[PDB]
Amino acid sequence: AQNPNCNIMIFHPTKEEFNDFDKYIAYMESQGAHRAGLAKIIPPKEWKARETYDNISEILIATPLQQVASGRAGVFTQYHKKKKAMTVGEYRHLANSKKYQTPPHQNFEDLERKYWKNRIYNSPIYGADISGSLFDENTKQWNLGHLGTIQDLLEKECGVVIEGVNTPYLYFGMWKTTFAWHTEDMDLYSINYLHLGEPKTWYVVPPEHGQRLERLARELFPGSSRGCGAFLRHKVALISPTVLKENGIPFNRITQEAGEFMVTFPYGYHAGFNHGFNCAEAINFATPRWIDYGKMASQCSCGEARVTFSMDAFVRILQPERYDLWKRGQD
Ligand SMILES: O=C(O)CNC(=O)C(=O)O
Ligand SMILES: [Mg+2]
Ligand code: NI
Ligand SMILES: [Zn+2]
């Protein structure tokens, strides 16, 4: 078995290898990359997502989210308080202000220490989940707005045609903005490109060990666990690496820099934080190997997780027994 310790793998495709996205994903999996839950892909040196980022400041962040924490420094939840709209230029200036900017630090490890020590005492503002793309239409390789759609994959594998669309999302971050522990909707893959700015640190649990993380989360968030049988679908819980190590949960960590792709694999729980002002683009995707994970994906039916239009069909076709109750949650 390839990559039996489930280490995060880093790939350096050539420009020729960068042509066929599906083929490269399948290659990475042939080498065991999925066992980690997460892989990094460094694009060939010839490639670019677009010519410059000089003209992005007038993008609107219609609903910036203030991420307010509750709990202890290594075990907390976050809720999102909606703020008034602002442009990307306004948000950048905010991120760089004395109240929100990255503190002085020695290196990524020192910054990571400061994040876990101090995150809960601040409420950074995240421009998350903004439909759109920063890839130039002329970028033909690994263009996250031109990928094969999940509905087309389901149709090719299973023969059933379904409604729904699959488009990318932009994320504008600042120091301490945080993504809570989660897998993707329907335990899909994700791909994330860091277009510009400061790094993003990731933590990930190997898919084969995801249930160990779930069991710890039920112990650490006991009221949330009684409320919902899949409360990590709410995307609000944080657990630090120190706490994970204390409880024997297998995980790995890596820092993504501008110009790099990350791929998350089906049922790879991940969480992380931004180092400073940045912009990422991400989308879900599927492969033939996903289908069996999609059929088994947990679901939130308490009603909190409330998700896209296109997830309906995935539940309806892959999880017909659950359908009924899940749609009661969504309505
Ligand atoms: O970058 C972020 O805030 C969150 N991204 C992801 O969870 C992803 O790409 O799967
Ligand atoms: Mg603009
Ligand atoms: Ni994700
Ligand atoms: Zn729920």
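The deposited coordinates derive from X-ray crystallography, with the record listing a resolution of 1.3700 Å.

Counting through the fold element by element, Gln66 comes out in strand β4 (residues 65-72). Relative accessible area serves as the criterion here: at 14%, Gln66 is assigned to the buried category. Not counting chain neighbours up to four residues away, the residues in contact with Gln66 comprise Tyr79, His80, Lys81, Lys83, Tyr100, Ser123, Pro124 and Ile125.

Within the secondary structure, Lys40 sits in strand β2 (residues 38-41). By relative accessible area, which is 6% here, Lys40 ends up buried. In this structure the side chain of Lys40 is engaged in a polar contact, spanning 2.8 Å, whose partner is the side chain of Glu260. For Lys40, the residues in contact, after removing those within four places along its chain, are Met9, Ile10, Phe11, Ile254, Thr255, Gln256, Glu260, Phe261 and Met262.

On to the UniProt feature "binding site: Fe cation" in the protein chain, then. Per the UniProt record, the feature "binding site: Fe cation" sits at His182, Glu184 and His270. Spanning 89 residues, the annotated positions come together in the fold, the maximum distance between their C-alpha atoms being 9.1 Å. Tracing the backbone shows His182 in strand β9 (residues 178-182). The contacts of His182, once residues within four sequence positions are left out, are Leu232, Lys235, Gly268, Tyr269 and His270. A polar contact is formed between the side chain of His182 and the side chain of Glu184, at a distance of 3.2 Å.

If you walk across this open sheet you meet the ten strands as β1-β2-β14-β10-β16-β8-β7-β4-β5-β12, and the pairing is mixed. Looking along the sheet, the strands with just one partner apiece sit at the ends: β1 (9-11) and β12 (237-239). Each neighbouring strand pair of the sheet contributes to a mean axis angle of 25 degrees, computed without reference to strand direction. The pairing of strand β10 (residues 189-197) with strand β14 (residues 261-264) spans four bridges and is antiparallel. Opposite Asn192, over in β14, you have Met262 as the bridge partner. Packing against the sheet, helix α2 (residues 88-95) makes contact with β7 (125-131) and β8 (169-173), and its axis sits at approximately 155 degrees to β7.

Our focus in this paragraph is the environment of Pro222. With respect to the secondary-structure elements, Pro222 resides in helix α6 (residues 222-227). On a C-alpha basis, the gap between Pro222 and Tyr189 in space is 28 Å, while along the polypeptide they are 33 residues apart.

As summarised here, the arrangement of the four strands in space is β9-β15-β11-β13, forming an open sheet in which the pairing is antiparallel. The sheet terminates laterally at β9 and β13 (252-256), the two strands that pair on one side only. Between one strand axis and the next, the sheet turns through 15 degrees on average, direction left out of account. Relative to strand β15 (residues 269-274), strand β11 (residues 200-205) is paired through six bridges, and the arrangement is antiparallel.

Further remarks concern the nonpolar core. The tendency in soluble globular proteins is for nonpolar side chains to be buried as a group. If you look at the biggest cluster of nonpolar residues, it comprises 39 residues, and the most contacted ones within it are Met28, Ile41, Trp142, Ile191, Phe261 and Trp290. Here this core gets five residues from one element, more than from any other, and that element is helix α9 (residues 311-318). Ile191 has contacts with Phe21, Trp142, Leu144, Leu147, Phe261, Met262, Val263, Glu281, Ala282, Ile283 and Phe285, leaving out every residue within four places of it along the chain. If you look at the next biggest cluster of nonpolar residues, it comprises 32 residues, including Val75, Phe76, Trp175 and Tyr269.

A large share of α9 lies buried, amounting to six of its eight residues. Of the positions making up α9, those classed as buried are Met311, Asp312, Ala313, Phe314, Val315 and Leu318. Of the surrounding secondary structure, the elements contacted by the buried residues of α9 are α4 (150-158), α8 (290-296) and α10 (320-330).

What counts and what doesn't
- Residues numbered from 1 in each chain as written, not as in the entry; some residues may be left out.
- Chains lettered and ligands numbered in written order.
- Heavy atoms only, no water.
- Residues with missing side-chain atoms left out of burial classes, pairs and counts.
- Helix = DSSP H or I, 4+ residues; strand = E, 2+ residues; numbered from the N terminus.
- Buried < 20%, exposed > 50% of the residue type's maximum accessible area, 1.4 Å probe, protein only.
- Contact = heavy atoms within 4.5 Å.
- Polar contact = N/O pair within 3.5 Å; in protein donor to acceptor, adjacent residues only side chain to side chain.
- UniProt positions renumbered as here; feature names shortened; annotations may be inferred.
- Pairing = 2+ DSSP bridges.
- Axes fitted to C-alpha atoms, helices over the stretch in contact; angles between N-to-C directions.
- Core = buried A, V, L, I, M, F, W, Y, C linked by side-chain atoms within 4.5 Å.

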